[PDB]
């Protein structure tokens, strides 16, 4: 098995992603599939939002890109089939910012550099400034050396996810998978999000798993899943005009 390699252009600007007639069920899910005849293509260096009710199969798409499970059908990165490569060379070009990040019981700086144990203090500062985490850390009583985790200072979900964003910028992958955990209790969370997304997206292919549709409206492509099937695809304006399920959700969430 080969090791995945990005072209020089791909390294500079990002890589495309395609799923072709992809079908999956989890090992214990012995009656039904979580994903059904999934076809989509993400152009390199663009953003793609995956939307849909819980159950739709949104997060399973990510797990298959990161090779957590094997699917039937074809997953291709940069036109190349992932089944020709060893898993670790695929994962090295993908960064996950999950809904919920578990912290090591260690300094905040240790938790960040885990993205790339190598990083210079300078790369670490830049990552933490992009993640919107620098003023939070400068204000801490031990700053960098503050012990976090479950013995240690407790961080919100928003804050832990900013560590995850920083880990990811340090990793510097060419694919970023970002499960959004903005809160409709506080509009600063979404503004922080976008500030991060702006830096995250820079010269990368970015997939956003969205639960709140407003985080996603300027995404170059939105894919709406309904029970494992992709039922609609396009940009925000087009999906509203379609007046289908994305328009229904959008209006419920808008009130």
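Residue numbers count along the first chain shown, from 1.
A.B. asks: Of the two stretches 179-187 and 67-75, which shows the higher Cα B-factor on average in the entry?
C.D. replies: Result: 179-187.
A.B. asks: Grab the CA temperature factor for residue 51 from the record and place it in the lowest, middle or highest third of its chain.
C.D. replies: Within its chain, residue 51 is a middle-third residue by C-alpha B-factor, going by the deposited values.
A.B. asks: Lowest, middle or highest third: which one holds residue 128 when the chain's residues are ordered by CA B-factor from the entry?
C.D. replies: For residue 128, whose C-alpha B-factor we compare with every modelled residue in the chain, the answer is the middle third.
A.B. asks: Please place residue 154 in the lowest, middle or highest third of its chain by C-alpha B factor as given in the entry.
C.D. replies: Highest third - that is where residue 154 ends up once the chain's C-alpha B-factors are sorted.
A.B. asks: Place residue 193 in the lowest, middle or highest third of its chain's C-alpha B-factors, as listed in the PDB entry.
C.D. replies: Highest third, going by the recorded CA B-factors of the chain.
A.B. asks: Place residue 37 in the lowest, middle or highest third of its chain's C-alpha B-factors, as listed in the PDB entry.
C.D. replies: It belongs to the lowest third of the chain when residues are ordered by C-alpha B-factor.
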